[PDB]
Amino acid sequence: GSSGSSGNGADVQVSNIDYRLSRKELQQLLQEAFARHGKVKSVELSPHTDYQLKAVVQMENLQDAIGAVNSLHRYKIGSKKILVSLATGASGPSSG
């Protein structure tokens, strides 16, 4: 019964994560970087156990993510450069 956020929140799609590094050593490092920008909400990891190891860094504030993405973009991590990218669902923030 795990359903990603819907309506409010920020989802940062992370790709090209150095699988070589342990999941505990990553989820911690990633959260650290994003934290330097804003406030890290949560850190999720993909079930992939290979070079195709992705993840999703949840951020408290939306804006915080915007920059955090263009900033952490290609963040020299572990032994591979992580590619940050925002995420969009079906229903937008409906902000007018």
# chains A, B, ... in the order shown; residues from 1 in each chain; ligands from 1

call {"tool": "select_by_dssp", "arguments": {"residues": "chain A", "states": "strand (DSSP E or B)", "output": "PyMOL selection string"}}
result
chain A and resi 10-15+40-45+55-59+75-77+80-86

call {"tool": "residues_around", "arguments": {"residues": "range 78-82 of chain A", "least_positions_apart": "3", "cutoff": "6 Å", "atoms": "only C-alpha atoms", "output": "PyMOL selection string"}}
result
chain A and resi 15-18+74-75

call {"tool": "select_by_dssp", "arguments": {"residues": "chain A", "states": "helix (DSSP H, G or I)", "output": "list in words"}}
result
residues 23, 24, 25, 26, 27, 28, 29, 30, 31, 32, 33, 34, 35, 36, 37, 62, 63, 64, 65, 66, 67, 68, 69, 70, 71 and 72 of chain A

call {"tool": "closest_residue", "arguments": {"among": "A:59, A:12, A:68, A:84", "to": "residue 42 in chain A", "atoms": "only C-alpha atoms"}}
result
A:59

call {"tool": "closest_residue", "arguments": {"among": "A:22, A:95, A:71, A:27", "to": "residue 55 in chain A", "atoms": "only C-alpha atoms"}}
result
A:27

call {"tool": "decode", "arguments": {"residues": "range 69-83 of chain A", "atoms": "N, CA and C atoms", "output": "short mmCIF file (atom, residue, chain, number, x, y, z; two decimals), in the first residue's frame"}}
result
data_model
loop_
_atom_site.label_atom_id
_atom_site.label_comp_id
_atom_site.auth_asym_id
_atom_site.auth_seq_id
_atom_site.Cartn_x
_atom_site.Cartn_y
_atom_site.Cartn_z
N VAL A 69 18.52 20.30 -7.37
CA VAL A 69 18.67 19.46 -8.55
C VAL A 69 19.73 20.02 -9.49
N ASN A 70 19.53 21.27 -9.91
CA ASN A 70 20.46 21.93 -10.82
C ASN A 70 21.82 22.13 -10.15
N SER A 71 21.85 21.97 -8.83
CA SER A 71 23.08 22.14 -8.07
C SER A 71 23.81 20.81 -7.90
N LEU A 72 23.13 19.85 -7.28
CA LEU A 72 23.71 18.53 -7.06
C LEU A 72 23.88 17.78 -8.38
N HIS A 73 23.33 18.35 -9.45
CA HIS A 73 23.42 17.74 -10.77
C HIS A 73 24.84 17.26 -11.05
N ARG A 74 24.98 15.98 -11.37
CA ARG A 74 26.29 15.40 -11.65
C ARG A 74 27.22 15.52 -10.45
N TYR A 75 26.64 15.43 -9.25
CA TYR A 75 27.41 15.53 -8.02
C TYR A 75 28.44 14.41 -7.93
N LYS A 76 29.71 14.77 -8.01
CA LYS A 76 30.79 13.79 -7.93
C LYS A 76 30.67 12.94 -6.66
N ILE A 77 29.90 11.86 -6.75
CA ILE A 77 29.71 10.97 -5.61
C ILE A 77 30.38 9.62 -5.85
N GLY A 78 30.69 8.93 -4.76
CA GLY A 78 31.34 7.63 -4.87
C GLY A 78 32.29 7.55 -6.04
N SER A 79 31.96 6.70 -7.01
CA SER A 79 32.80 6.52 -8.19
C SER A 79 32.01 6.83 -9.46
N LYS A 80 30.87 7.49 -9.30
CA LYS A 80 30.02 7.85 -10.43
C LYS A 80 29.29 9.16 -10.17
N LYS A 81 28.98 9.88 -11.24
CA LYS A 81 28.27 11.15 -11.13
C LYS A 81 26.77 10.94 -11.08
N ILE A 82 26.13 11.41 -10.02
CA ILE A 82 24.69 11.27 -9.86
C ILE A 82 23.95 12.36 -10.63
N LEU A 83 22.91 11.95 -11.35
CA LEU A 83 22.11 12.88 -12.14
C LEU A 83 20.79 13.19 -11.44
#
